[PDB]
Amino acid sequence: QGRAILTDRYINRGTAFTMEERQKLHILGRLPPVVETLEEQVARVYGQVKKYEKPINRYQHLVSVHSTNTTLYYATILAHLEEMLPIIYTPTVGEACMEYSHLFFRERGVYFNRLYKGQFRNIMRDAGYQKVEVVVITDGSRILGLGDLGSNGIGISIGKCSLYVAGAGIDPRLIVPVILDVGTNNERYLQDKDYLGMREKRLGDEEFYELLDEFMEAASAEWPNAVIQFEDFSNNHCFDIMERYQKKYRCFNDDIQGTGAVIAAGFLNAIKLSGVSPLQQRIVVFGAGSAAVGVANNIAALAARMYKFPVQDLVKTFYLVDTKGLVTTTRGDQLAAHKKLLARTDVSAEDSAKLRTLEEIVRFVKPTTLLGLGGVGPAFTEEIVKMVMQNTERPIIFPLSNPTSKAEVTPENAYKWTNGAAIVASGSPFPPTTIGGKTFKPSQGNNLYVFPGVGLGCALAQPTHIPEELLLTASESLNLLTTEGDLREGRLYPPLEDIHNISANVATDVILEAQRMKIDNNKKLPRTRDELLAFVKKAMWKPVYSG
């Protein structure tokens, strides 16, 4: 009763309490007199957001709404998802962590460090969270290796947890954001009187894994129903973490496994639009890090699953370019393990020595696709795009490096140079480009398409672990959600605004695959697709006033 209702963010409705409710609940006279519907409150909040000039102030306003009316916050995000995503997550959330970390103090963060060694389970038990479904953990080290946030990485976990709630209807009470503070190499923070985390350089690998092992074991006992999602871990650990834990715990890494699932789905739809079928594609992979090779391998895996081409033939469609040039077995260097499987076997040593610059590699390979995974700026030049037009009527051009500055080509330039023929997926949202009165707009491969549905599917099915089959099934599900209508209009993904339906379908297909593998621990679920889909949709938390 009374102001206790208005100060409980889960049950407060604010001005959406009717006059009769206000009288019954002893809050008449604790609100201004106008009664609003939820939709009206959402419109009002959206204008309160747009009154702020800078993304950080927009973010700060949204935090205040999240603190006072959880339903209204999520309702606003769902009504304006494409516009809100860059504010509530990348890139604004990282700026909030780096310079405005006070914005996170009031949220339900859980903080581990070596001072609490042997107490991790007690800390989790004392949080008293029943039936936790999703745990996002970071060490603030950063996947893209820039701006080590240390303890302030808790804001990344908080923002990513919010995207599970918005995207897949994980109940906001059943998600936990975690920082594993193992120190920071951020020299500003190590000297900052106001930095509140462990004031020391990052722990060595042995001590790192002693603490992360205790975390995983503790979470498996106290939050046994949860999916553990690793977020924004640096490359020295993120791949090794997955090798250490993938079989033993219910866990995944969205940066590695989510990105590859999303990109693979859009890329296969791009091939469909091109008419140049997967075994006729000649794909330049610009960028040869572990992540880039992971994406190429996820594309090959998905095409093998959808079409039953032999995976060895799909691997021969890829031309991998590293900092030295085309990756070949005859180039004369010792290749990193991850580069060997995509290395050309069909290019002579004499040709390899002349295959160093991207322009000459493109002239020689005669690719039909450019995949930009390079992280080095605008490498897909006008001259390079005009060459791809010699090899296909519909060039597939994916500038996926973030931010927009590091991206290989603007979608605007790709469409202009190909006179509208380019099929484009981007890492960031871009405005439409109009050419000759015909409108083009890139398909953004947002990670939101996959991780929420994997979380909702793993929360419902309770699988023993998350093998590669479940991520491949999610990739396929996303691909197949793109309608004949969506494809006729050049879209590579289902629309982001339809994320609840997307997540419910991805989750359904993930659950069916866990059921086929007999790794599902929840025996209440339907085992046929139509009935399961309906069941999954009913399970989702929705940001509407319920009681």
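Don't overthink the numbering: it's just position in the shown sequence, from 1.
Taking only CA atoms, the mean B-factor in the PDB entry is higher for 112-120 than for the other of 112-120 and 151-159. As recorded in the PDB entry, 354-362 is the stretch of 444-452 and 354-362 with the greater mean C-alpha temperature factor. Within the selection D126, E133, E469, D139, the deposited Cα B-factor values reach their highest point at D126. You'll see in the entry that, of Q191, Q246, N225, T184, the Cα B factor peaks at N225.
In the deposited entry, the Cα temperature factor of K308 sits in the bottom third of values across the chain's modelled residues. Among all modelled residues in this chain, the alpha-carbon of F215 has a temperature factor (C-alpha) in the lowest third. Among the modelled residues of its chain, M19 has a C-alpha B-factor that falls in the highest third according to the deposited record. In this PDB entry, the Cα temperature factor of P463 sits in the middle third of its chain's modelled residues. Among the modelled residues of the chain, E497 sits in the middle third by CA temperature factor in this PDB entry.
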